[PDB]
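Student: Going by full-length UniProt numbering, the sequence shown opens with residue 8, and the numbers climb by one from there.
Just dropping this structure here.
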Amino acid sequence: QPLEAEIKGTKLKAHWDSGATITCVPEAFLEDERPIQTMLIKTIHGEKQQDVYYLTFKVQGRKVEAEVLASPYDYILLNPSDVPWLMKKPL
(Lines of atoms letter the chains of each structure in order from A and count residues from 1; the text may use other names and numbers.)
(Lines give C-alpha, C1' and ligand atoms only; values in the text may rest on other atoms or scores of the structure.)
Protein backbone atom coordinates (compact mmCIF):
# COMPACT_ATOMS: atom_id res chain seq x y z
CA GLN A 1 0.00 0.00 0.00
CA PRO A 2 1.91 3.05 -1.33
CA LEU A 3 1.41 6.41 0.43
CA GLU A 4 0.30 9.62 -1.32
CA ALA A 5 2.62 12.65 -1.60
CA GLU A 6 2.81 15.85 -3.68
CA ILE A 7 6.18 17.26 -4.81
CA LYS A 8 6.39 20.72 -6.41
CA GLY A 9 2.62 20.34 -6.94
CA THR A 10 3.22 16.98 -8.66
CA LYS A 11 1.11 14.17 -7.18
CA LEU A 12 2.81 10.75 -7.01
CA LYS A 13 2.85 7.62 -4.81
CA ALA A 14 5.44 7.21 -2.03
CA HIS A 15 6.63 4.41 0.28
CA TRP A 16 7.30 4.68 4.03
CA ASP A 17 10.53 2.93 5.10
CA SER A 18 11.78 3.30 8.69
CA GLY A 19 15.06 1.74 7.50
CA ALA A 20 15.64 4.95 5.51
CA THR A 21 16.93 7.87 7.61
CA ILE A 22 16.57 10.42 4.79
CA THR A 23 13.79 10.98 2.23
CA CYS A 24 14.67 9.56 -1.20
CA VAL A 25 13.23 10.94 -4.46
CA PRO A 26 13.76 10.24 -8.19
CA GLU A 27 16.18 12.49 -10.12
CA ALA A 28 13.06 13.34 -12.15
CA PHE A 29 12.44 15.90 -9.38
CA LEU A 30 16.08 17.06 -9.25
CA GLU A 31 16.78 17.11 -13.01
CA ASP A 32 16.36 20.91 -12.94
CA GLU A 33 17.13 21.30 -9.21
CA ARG A 34 20.37 21.80 -7.27
CA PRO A 35 21.77 19.93 -4.22
CA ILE A 36 22.37 22.26 -1.25
CA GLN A 37 24.81 19.79 0.34
CA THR A 38 26.53 16.52 -0.64
CA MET A 39 27.51 13.35 1.26
CA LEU A 40 30.56 11.08 0.83
CA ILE A 41 29.95 7.31 0.80
CA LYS A 42 32.68 4.63 0.65
CA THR A 43 31.88 1.37 -1.18
CA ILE A 44 33.88 -1.82 -1.85
CA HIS A 45 33.96 -0.98 -5.57
CA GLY A 46 35.08 2.59 -4.80
CA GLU A 47 34.06 5.83 -3.05
CA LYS A 48 30.77 7.41 -4.18
CA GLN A 49 29.26 10.77 -3.16
CA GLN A 50 25.50 11.33 -2.80
CA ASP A 51 24.08 14.82 -3.45
CA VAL A 52 21.41 16.21 -1.10
CA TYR A 53 18.41 18.20 -2.40
CA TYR A 54 16.01 20.21 -0.22
CA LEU A 55 12.52 20.03 -1.78
CA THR A 56 8.98 20.81 -0.58
CA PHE A 57 6.19 18.21 -0.89
CA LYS A 58 2.84 17.49 0.80
CA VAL A 59 2.81 14.33 2.95
CA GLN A 60 -0.76 12.97 3.04
CA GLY A 61 -2.18 16.49 2.63
CA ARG A 62 0.50 18.04 4.87
CA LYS A 63 3.00 20.57 3.48
CA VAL A 64 6.45 19.39 4.63
CA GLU A 65 9.95 20.23 3.37
CA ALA A 66 12.96 17.91 3.74
CA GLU A 67 16.23 16.97 2.00
CA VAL A 68 15.89 14.11 -0.51
CA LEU A 69 18.49 12.14 -2.50
CA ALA A 70 18.19 11.48 -6.26
CA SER A 71 17.54 7.83 -7.17
CA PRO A 72 16.77 5.88 -10.39
CA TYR A 73 13.57 4.58 -8.72
CA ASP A 74 10.18 5.60 -10.15
CA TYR A 75 8.63 6.70 -6.84
CA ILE A 76 9.56 8.51 -3.60
CA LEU A 77 10.89 7.22 -0.26
CA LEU A 78 9.81 8.79 3.05
CA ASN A 79 11.81 8.41 6.28
CA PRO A 80 10.49 8.12 9.87
CA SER A 81 12.41 11.25 10.91
CA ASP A 82 10.66 13.44 8.31
CA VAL A 83 7.19 11.93 8.84
CA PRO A 84 7.15 11.49 12.65
CA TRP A 85 3.34 11.89 12.73
CA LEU A 86 2.81 8.91 10.40
CA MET A 87 4.06 6.63 13.20
CA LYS A 88 1.34 8.06 15.48
CA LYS A 89 -2.32 7.37 14.60
CA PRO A 90 -4.25 10.33 13.11
CA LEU A 91 -6.80 12.10 15.34
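Beta carbons are placed, not taken as given, at the ideal position from N, Cα and C, and that holds for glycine.
For residue 89, count neighbouring C-beta atoms within 10 Å of its own C-beta (all shown protein chains included) and say buried if the count is 16 or more, exposed if not.
Tutor: So residue 89 counts as buried.
Student: Spatial neighbours of residue 27 within its chain, please: C-beta separation below 6 Å, excluding the five flanking residues on both sides.
Tutor: Only 84 and 86 meet the Cβ criterion.
Student: Would you kindly check if the distance between the Cβ of residue 56 and the Cβ of residue 43 is under 8 Å?
Tutor: No, these two residues do not count as a Cβ contact at 8 Å.
Student: Are residue 67 and residue 19 close, meaning C-beta to C-beta below 8 Å?
Tutor: Not closer than 8 Å, so no.
Student: Could you work out which residue in 69, 72, 40 and 52 is closest to residue 58 when comparing CA atoms only?
Tutor: It is 40 whose Cα lies nearest to the Cα of residue 58.
Student: Going by C-alpha to C-alpha distance, which of 61, 98 and 8 sits closest to residue 22?
Tutor: Cα-wise, what sits closest to residue 22 is 8.
Student: Report buried or exposed for residue 30, applying the criterion of at least 16 other Cβ atoms within 10 angstroms of its Cβ.
Tutor: Classification for residue 30: buried.
Student: For residue 60, which residues from the same chain have a beta carbon less than 6 Å from its beta carbon, with the 5 sequence-adjacent residues on both sides left out?
Tutor: If we look at residue 60 and ignore the five residues flanking it on each side, its Cβ neighbours are 37, 40, 42 and 75.
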